[PDB]
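Chemist:
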Amino acid sequence: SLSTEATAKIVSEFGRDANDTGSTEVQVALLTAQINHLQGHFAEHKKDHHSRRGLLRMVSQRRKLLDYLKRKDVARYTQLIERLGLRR
Amino acid sequence: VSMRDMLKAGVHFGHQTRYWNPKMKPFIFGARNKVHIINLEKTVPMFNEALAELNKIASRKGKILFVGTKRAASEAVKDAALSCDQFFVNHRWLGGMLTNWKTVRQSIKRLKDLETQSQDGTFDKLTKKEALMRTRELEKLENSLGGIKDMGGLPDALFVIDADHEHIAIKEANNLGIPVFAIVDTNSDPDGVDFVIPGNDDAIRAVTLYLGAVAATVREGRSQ
Amino acid sequence: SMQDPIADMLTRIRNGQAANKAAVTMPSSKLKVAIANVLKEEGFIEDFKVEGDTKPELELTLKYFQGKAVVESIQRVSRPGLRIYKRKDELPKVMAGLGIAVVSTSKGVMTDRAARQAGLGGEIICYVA
Amino acid sequence: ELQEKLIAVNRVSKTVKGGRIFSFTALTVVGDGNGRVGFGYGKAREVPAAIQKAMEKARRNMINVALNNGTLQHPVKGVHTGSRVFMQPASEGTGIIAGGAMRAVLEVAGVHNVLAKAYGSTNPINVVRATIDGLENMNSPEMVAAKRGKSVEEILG
Amino acid sequence: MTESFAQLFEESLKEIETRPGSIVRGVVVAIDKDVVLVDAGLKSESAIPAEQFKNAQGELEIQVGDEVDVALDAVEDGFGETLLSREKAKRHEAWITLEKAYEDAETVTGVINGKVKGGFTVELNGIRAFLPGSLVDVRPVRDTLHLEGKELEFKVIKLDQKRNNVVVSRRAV
RNA sequence: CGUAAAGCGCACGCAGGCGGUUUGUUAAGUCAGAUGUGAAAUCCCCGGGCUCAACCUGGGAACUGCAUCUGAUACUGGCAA
RNA sequence: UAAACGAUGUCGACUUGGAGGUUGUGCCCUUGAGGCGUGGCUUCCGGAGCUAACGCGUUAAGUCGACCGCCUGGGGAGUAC
Ligand SMILES: [Mg+2]
Ligand SMILES: [Mg+2]
Ligand SMILES: [Mg+2]
Ligand SMILES: [Mg+2]
Ligand SMILES: [Mg+2]
Ligand SMILES: [Mg+2]
Ligand SMILES: [Mg+2]
Ligand SMILES: [Mg+2]
Ligand SMILES: [Mg+2]
Ligand SMILES: [Mg+2]
Ligand SMILES: [Mg+2]
Ligand SMILES: [Mg+2]
Ligand SMILES: [Mg+2]
Ligand SMILES: [Mg+2]
Ligand SMILES: [Mg+2]
Ligand SMILES: [Mg+2]
Ligand SMILES: [Mg+2]
Ligand SMILES: [Mg+2]
Ligand SMILES: [Mg+2]
Ligand SMILES: [Mg+2]
Ligand SMILES: [Zn+2]
Numbered sequence: 002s003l004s005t006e007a008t009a010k011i012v013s014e015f016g017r018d019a020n021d022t023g024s025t026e027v028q029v030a031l032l033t034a035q036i037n038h039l040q041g042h043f044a045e046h047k048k049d050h051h052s053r054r055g056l057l058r059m060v061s062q063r064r065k066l067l068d069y070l071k072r073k074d075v076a077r078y079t080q081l082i083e084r085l086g087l088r089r
Numbered sequence: 004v005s006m007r008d009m010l011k012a013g014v015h016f017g018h019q020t021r022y023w024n025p026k027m028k029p030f031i032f033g034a035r036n037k038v039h040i041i042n043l044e045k046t047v048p049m050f051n052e053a054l055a056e057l058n059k060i061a062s063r064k065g066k067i068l069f070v071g072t073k074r075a076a077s078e079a080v081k082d083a084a085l086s087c088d089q090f091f092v093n094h095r096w097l098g099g100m101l102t103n104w105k106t107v108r109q110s111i112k113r114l115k116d117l118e119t120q121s122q123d124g125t126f127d128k129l130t131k132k133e134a135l136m137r138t139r140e141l142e143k144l145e146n147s148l149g150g151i152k153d154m155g156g157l158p159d160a161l162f163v164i165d166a167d168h169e170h171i172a173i174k175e176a177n178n179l180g181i182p183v184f185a186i187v188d189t190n191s192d193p194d195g196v197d198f199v200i201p202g203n204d205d206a207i208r209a210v211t212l213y214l215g216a217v218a219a220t221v222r223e224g225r226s227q
Numbered sequence: 002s003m004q005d006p007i008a009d010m011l012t013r014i015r016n017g018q019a020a021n022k023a024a025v026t027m028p029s030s031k032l033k034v035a036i037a038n039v040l041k042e043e044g045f046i047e048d049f050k051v052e053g054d055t056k057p058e059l060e061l062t063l064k065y066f067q068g069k070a071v072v073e074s075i076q077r078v079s080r081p082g083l084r085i086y087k088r089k090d091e092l093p094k095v096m097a098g099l100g101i102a103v104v105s106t107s108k109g110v111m112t113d114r115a116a117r118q119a120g121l122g123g124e125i126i127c128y129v130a
Numbered sequence: 010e011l012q013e014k015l016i017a018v019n020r021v022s023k024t025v026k027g028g029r030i031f032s033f034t035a036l037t038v039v040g041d042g043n044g045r046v047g048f049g050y051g052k053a054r055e056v057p058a059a060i061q062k063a064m065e066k067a068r069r070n071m072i073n074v075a076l077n078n079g080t081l082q083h084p085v086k087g088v089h090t091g092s093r094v095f096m097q098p099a100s101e102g103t104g105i106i107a108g109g110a111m112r113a114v115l116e117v118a119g120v121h122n123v124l125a126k127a128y129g130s131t132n133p134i135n136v137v138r139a140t141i142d143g144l145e146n147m148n149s150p151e152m153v154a155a156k157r158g159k160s161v162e163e164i165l166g
Numbered sequence: 001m002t003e004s005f006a007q008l009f010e011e012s013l014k015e016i017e018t019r020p021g022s023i024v025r026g027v028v029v030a031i032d033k034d035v036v037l038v039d040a041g042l043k044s045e046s047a048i049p050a051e052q053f054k055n056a057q058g059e060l061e062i063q064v065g066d067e068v069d070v071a072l073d074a075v076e077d078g079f080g081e082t083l084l085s086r087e088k089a090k091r092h093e094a095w096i097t098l099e100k101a102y103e104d105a106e107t108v109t110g111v112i113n114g115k116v117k118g119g120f121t122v123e124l125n126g127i128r129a130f131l132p133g134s135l136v137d138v139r140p141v142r143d144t145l146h147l148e149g150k151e152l153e154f155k156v157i158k159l160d161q162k163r164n165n166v167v168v169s170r171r172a173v
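Protein chains in written order, with the UniProt record's numbering: chain S, 2 to 89; chain U, 4 to 227; chain D, 2 to 130; chain L, 10 to 166; chain F, 1 to 173.
1. Count the other CB atoms within 10 Å of the CB of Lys43/F; is the residue buried (16 or more) or exposed (fewer)?
2. So is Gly120/D in contact with chain L if we call contact Cβ pairs under 8 Å?
3. What's the gap between the Cα of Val68/F and the Cα of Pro20/F?
4. So, helix, strand or coil for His92/F, using DSSP?
5. Can you tell me whether DSSP reads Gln227/U as helix, strand or coil?
6. By the criterion of Cβ-Cβ separation under 9 Å, what are the contact partners of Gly98/D in chain L?
7. How should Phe53/F be labelled, buried or exposed, when 16 other C-beta atoms within 10 angstroms of its C-beta is the threshold for buried?
8. I'd like to know whether the C-beta atoms of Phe31/L and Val56/L end up nearer to each other than 8 Å.
9. Using only the alpha-carbon positions, how far apart do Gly16/S and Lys10/S sit?
10. Give a yes or no on contact between the stretch 132–144 of chain L and the stretch 69–85 of chain L, applying the rule of three or more CB pairs nearer than 8 Å.
11. Count the other CB atoms within 10 Å of the CB of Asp188/U; is the residue buried (16 or more) or exposed (fewer)?
12. Using a Cβ-Cβ cut-off of less than 9 Å, list which residues of the stretch 33–67 of chain F approach chain U; keep chain order.
13. Specify whether the stretch 97–107 of chain D and the stretch 150–165 of chain L touch according to this definition: at least 3 beta carbon pairs, one from each stretch, less than 8 Å apart.
14. Which chain L residues sit within Cβ distance under 7 Å of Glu58/D?
15. Determine the chain D residues that contact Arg157/L at a beta-carbon separation under 8 Å, and present them in chain order.
16. Which one or two residues does DSSP pair with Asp104/F in a beta bridge?
17. Please go through the same chain and pick out, in chain order, the residues whose beta-carbon is closer than 6 Å to the beta-carbon of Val25/D, but skip the five residues on each side of it.
18. Alpha carbon to alpha carbon, how far is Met27/U from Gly68/D?
19. Can you give me, in chain order, the residues of the stretch 13–39 of chain U that have a beta carbon less than 9 Å from any beta carbon in chain F?
20. Using only alpha-carbon positions, find the residue among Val103/D, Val72/D, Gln76/D that is nearest to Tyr86/D.
21. Under 9 Å between beta-carbons, which chain F residues line up against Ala61/U? List them in chain order, please.
22. Going by CA-CA distance only, name the one from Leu85/U, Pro201/U, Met9/U, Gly71/U that's closest to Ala218/U.
23. Taking Cβ positions, are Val28/F and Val64/F nearer each other than 8 Å?
24. Any heavy atom of ligand 1 closer than 7 Å to the beta-carbon of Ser2/S?
25. Please tell me whether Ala53/L and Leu36/L are closer than 8 Å, where the distance is taken between their beta carbons.
26. Using a Cβ cut-off of 8 Å (strictly closer), state whether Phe49/D contacts chain L.
27. Could one say the Cβ of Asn51/U lies closer than 8 Å to chain F's Cβ atoms, at least one of them?
28. With 16 as the cutoff for other CB atoms within 10 Å, does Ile207/U come out buried or exposed?
29. According to DSSP, is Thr18/F part of a helix, a strand, or is it coil?
30. For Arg88/S, I'd like the list of residues in its chain whose CB is within less than 6 Å of its CB, leaving aside the five on either flank, ordered along the chain.
31. Going by Cα to Cα distance, which pick from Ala154/L, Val136/L, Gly40/L, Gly49/L is closest to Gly91/L?
32. Can you find a heavy atom of ligand 3 that lies under 7 Å from the Cβ of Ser130/L?
33. Residues in its own chain within less than 7 Å of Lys22/D by CB, not counting five upstream and five downstream?
34. Let me make sure I understand the geometry here. Which of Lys62/L, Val38/L, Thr24/L, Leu124/L has the alpha-carbon closest to that of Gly51/L?
35. On the criterion of 16 or more Cβ atoms from any shown chain inside 10 Å, does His18/U qualify as buried, or is it exposed?
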């Protein structure tokens, strides 16, 4: 999946504190990072459908979290999507 | 009866955990060494209440049928039932003793005919071998129906040893509304029993304890 | 997922009665408390209590009469999919009055008889007979 | 004194080496006309013997129903196999409105005014059982007051 | 005075340990021709076959009311019967006798049941023994027939409890 | 809707349907009341006239609706926490 | 497209047991062996209950709730356009 050190860096970058690993922002950030990493694996192994299913699962979950975040607090949503270069 | 009295006899033992009826959960104290231990705190007061109700039944000319066909306790049940001017079944319970009372009446009529004949005579009008054959038939019938030969009608209450062992009789009683008092071990089903006495049903000492209490209360009700 | 907690309560009552349980326990709610209150006041259950503060557990002590459940049939009427509302003159009666219909009116939860006598209609929560 | 009514007679057959053995079955219902009804079902080689076995069986296995001046206490549903029966109390003058199988049972039971209808399978043998069960579970205001720990008017009034 | 059922039954547990193999002394209530009713007091009057209570002469050396020490097997085999057997008591007593005789270096008579490659098998009070083939006799006894079925005295050299075998030979003399 | 006809081969997922628990507020849904209207005839109730009936006819109920206004706030919805 | 079959749509809740398997994990005996629990998945019996029966039976086909997919005599026919 993701190594402990990269996840820790993402947690510190997007979280209010280290203990916060459940905020919508950090969850979306982790999902985005793992999605970006998997792109190479699926770029070479186009026929790895079983893992492609998990990639689709994480994409969809990020979509649902982003919808909740947008409807609940627009300003943090705009900040996050700008910072992560998303929705485009 | 005393809590100490039952504990001394060993009423509290039951069957193994693997062989049990879940409906008997309220009466089970717990388990030790993979064997169930019955709650005698349930046993003693229920036994007293059964004694009281049996006292009323016996005091109103009630007919009491002592039933237990375990090979261990059959002799004790026979003697205890005869000690109190009541009726018993000490060999294999015949399916339909109560619901097929008409056919059991036919058998009782046969018994009375045979002994009346064997004492009036007519065996001198029969070959000595025919005499012996009819005597053998009379003996077998006497063994089969000796305890109920003079019951006359439907019994007013059933007392049962090992409800599971005598479930057929409990089924007929349930169908005919006859109240059942039954010694129900941890492995048996207490739903069909109007008055369930939760305790050991194997040990001859405990069987004799229950029966002695029952017979004493019956004689109390009888004396008036 | 869980989408009708009143149905969950009714079904807990029904299944506990079928299984001869002495008491049943469920996550609490003010509506559940009021329905349990009306059931108790109409005598279909012995008593009820609530325990806890942050995750309240409501407990109902059921009642049996002749080795029989006092509550014979308990069914939700206004399920979430199809809400059922009635006017004061259209309020149903269960078993020709032997049972009770629980009604939520503008003045709180009460029986059909009470709602009629107070001249109100409302949502038919459930039937009990 | 009890009144007995034969609901249906049917001929069955069993096949054996030599051929078909014919027998008969009889469904009858006895009642006291005052809330007590039993049903019986007998088998025999000939019809009168089958009917007599059915009568004897019907006299036992009988139950009591808490009628209310010749009509039911409240609407009732009954279910046995595929026979779903519905009965409801009716005002005086209605009489017995029901299919034949339910008609006989209700008449011998004493329900003077009832509206009934059978849904699903109208097989008489199961319709009678479902009607009997429905009438049996039907309770009375005094019994429901006893259960709920209150009085009659406390439910009625 | 509600003297706790827990305390009362706990004292009985002090006096009764429901464990197979535990030796408990029980009282015979009735003696039948084929069975012996021993009421050790667990679940029922255990019906131990009378054949076990017969000695080598076939006589019952027990009477009504006699106490006998019996080993525990179980509580109930589906019919509520406590299974007890005098034979296991025999086994226990034989093992104790052998264990003490090894300390005593005493000689016990036994009957050679058979022969194996490594030696012979003997019977001592119903317990199997191994007699080394090289140590049967000092002289090279070619006649192996005469040493079969006769009672010969042996001393326990190595008493084995894990394999239930006793190593014996014609020692002492 | 296991075998009688009837569970998509399987998964994701947009529109749609439903939604844990507490407090406030809203009066949308909901309920109550009132007003207007719901043509007349027909159906129903109590009567009246053709010698009875069909038929004609008086008064009423009904026409379960729609709209407006003033209230109730438990439940569903909106909003806020 | 398949008898793509468990001929049993997805999800949530409640309801007596037993014998196994497989995979975690806690405590305790002196621990290894061994005794007490506590989860996941899974097979076979079986009560209530349900079913037309067969059977299903806490992995329901029981008791309910949310949404969806179908069914309406057989043949013609999964055929014609
Ligand atoms: Mg992840
Ligand atoms: Mg029959
Ligand atoms: Mg049909
Ligand atoms: Mg089909
Ligand atoms: Mg499928
Ligand atoms: Mg919504
Ligand atoms: Mg809510
Ligand atoms: Mg409004
Ligand atoms: Mg008009
Ligand atoms: Mg006129
Ligand atoms: Mg007019
Ligand atoms: Mg609100
Ligand atoms: Mg094809
Ligand atoms: Mg297909
Ligand atoms: Mg396949
Ligand atoms: Mg397969
Ligand atoms: Mg298919
Ligand atoms: Mg899905
Ligand atoms: Mg099964
Ligand atoms: Mg085609
Ligand atoms: Zn037993």
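Even for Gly, the Cβ is constructed at its ideal location relative to N, Cα and C.
Modeler: Looking at the atomic coordinates:
1. buried
2. no
3. 17 Å
4. helix
5. coil
6. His83, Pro150, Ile164, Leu165
7. buried
8. no
9. 10 Å
10. yes
11. buried
12. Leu37, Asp39, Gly41, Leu42, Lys43, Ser44, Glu45, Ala47
13. yes
14. Within 7 Å Cβ-Cβ: nothing; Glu58/D doesn't reach chain L, min ~26 Å.
15. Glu43, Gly44, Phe45, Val71
16. DSSP, once it has assigned bridges, lists no residue as partnering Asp104/F.
17. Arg13, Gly17, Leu61
18. 16 Å
19. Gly13, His15, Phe16, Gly17, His18, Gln19, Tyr22, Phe32, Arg35, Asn36, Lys37, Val38
20. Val103/D
21. Neighbours of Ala61/U on chain F: none; closest Cβ ~29 Å, over 9 Å.
22. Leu85/U
23. yes
24. yes
25. no
26. no
27. no
28. buried
29. coil
30. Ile82
31. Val136/L
32. yes
33. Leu63
34. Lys62/L
35. buried
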